[PDB]
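What follows is one chain in C-alpha cells, specifically the form deposited in one PDB entry.
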C-alpha cells in the first residue's frame, strides 16, 4: 500500500498507531527518507470534529517557526473526504519509553525536562493552554523531546488516565495547570509513581487531588534542585504554583 501527498509518493514501511478515524504510518519518500503520515478519514466527521483538526493543523503550522520542540509538519492535503499530514518521524513516544525504561538516568531526565518546558512554554506564548498533558503527548526524536499535539483534537494509541489532572480543573466542575501536569510527569521519572497512583478508585483519587488536608509524598533523593522543582510544581493553589519562565530560570535546568 502506497500513497501520494501533494504530487509526492510515500511507500508504507509500518503503521505506528491508530486513533479513531485517523491512522499514523511509518513511510518512505523517493530518496528513502522516513516520515510519519497522519491519515484522517473525514467521511463521517461532524462540523465540530472537522474544526478541531483545522485548528490543530494551523497551530502545528504557526509553531514550526517558533520552537524546535514542536513536531515538524512538512506538508498536508485536506479534501472534503480526508486529511493527509506529512510530519517528522520520532523513534518512540515518552509513555511507551518510560514504561520500557524503568529506572532513568538523572542527566537524561534533566534534558527531557528542559525540552518539555521549552515546548509547553511556546504553546503558552500563543495563548494555548494544553489542559490535559500526559507523557504520550511527547515524542523522542534525535535524542530530543518534541510535543506531538496540543490537546485541541483527538489523541491516538500505538499498534486515557487521570493522574496528571490539576486540582483547579476538577474544582471548576490557566497555564499553571500545565505546570501541575509536567510536575506529575517529572515526579514519575523521579519516584516511579505519579502523586496519586496509590488511590485505586477514580472517585477517591479525584478527591485526594482537590483535598489540601491530603499531603503528597516527597522522599529524599541526591538531587536537591529536583526535589524543590517537584515541591514548586505540585502546589494545589494555581496562584502559589511556579510558572514555566520561573522554572526555566531554576537551578535544576540552568545548573548541572
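Positions refer to the first chain, counted from 1. The term rigid core refers to the maximal set of C-alpha atoms that superpose within 1.5 Å between the two forms.
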| property | result |
| --- | --- |
| Rigid core superposition result in 8 other deposited structures of this protein, more deviant of 43-51, 60-68 by Cα | 43-51 |
| Greater Cα displacement in 8 other deposited structures of this protein once the core is superposed, comparing 18-26 with 236-244 | 18-26 |
| Check: residue 157 without coordinates in a third or more of other entries | yes |
| Residue 159 to residue 160: deposited residues without atomic coordinates | 10 or more |
| Residue stretch of maximal mean CA temperature factor, 99-107 vs 143-151 | 99-107 |
| Of 201-209 and 53-61, the stretch whose C-alpha atoms average the higher B-factor in the entry | 201-209 |
| Residue, from 86, 71, 173, 83, that the PDB entry assigns the highest Cα B-factor | 173 |
| Chain-relative CA temperature factor third for residue 38 | lowest |
| Position of residue 244 among the chain's modelled residues by C-alpha B-factor, lowest, middle or highest third | lowest |
| Residue 24 - Cα temperature factor, lowest/middle/highest third of chain | lowest |
